[PDB]
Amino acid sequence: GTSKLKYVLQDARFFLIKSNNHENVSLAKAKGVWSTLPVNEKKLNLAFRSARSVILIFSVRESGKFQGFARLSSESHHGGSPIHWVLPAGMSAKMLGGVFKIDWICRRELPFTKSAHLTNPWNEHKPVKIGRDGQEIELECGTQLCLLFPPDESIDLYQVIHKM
């Protein structure tokens, strides 16, 4: 059902994560980790202390889709096992901030065509698909977006609930 999912999303905060390539989202799904630039790392660390759940909703640029969503399980941390992210332009791995641990809630895709009715008040009421990496999504919009995703039968939210 959807009941444990709704429980995890209660009073949560939501952030749009934009990746320029599928490889980094695949790494995140395999390893349960995410890394972002320092401006967003600061916002996510602040958010993690402020709310019972912080949800990252992932979208690969030019894919026309979201690739899933996950809950922060930690603040960012440095010096752990390295992650071979695929970086753009000429920025190096040092420019990327710490590493957040994440628990996936849904690893299934959702096409943008299915979220066309959802607008984000925190981005001028543009469709929720529109937003820079790190854009916060208002509570009601973020909750409804997460509930549009196909259920991911491989994930048991029992252990997620216990970390809250």
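In this text, residue numbers run from 1 along the sequence as written.
*Asks:* Give the stretch, out of 35 to 43 and 65 to 73, with the larger mean C-alpha temperature factor in the deposited entry.
*Replies:* Looking at the record's C-alpha B-factors, the answer is 35 to 43.
*Asks:* If you average the CA temperature factors as listed in the entry, which stretch comes out higher, 49 to 57 or 92 to 100?
*Replies:* The recorded data point to 92 to 100.
*Asks:* Please place residue 152 in the lowest, middle or highest third of its chain by C-alpha B factor as given in the entry.
*Replies:* It belongs to the lowest third of the chain when residues are ordered by C-alpha B-factor.
*Asks:* Lowest, middle or highest third of the chain for the C-alpha temperature factor of residue 5?
*Replies:* Residue 5: CA B-factor falls in the lowest third of its chain.
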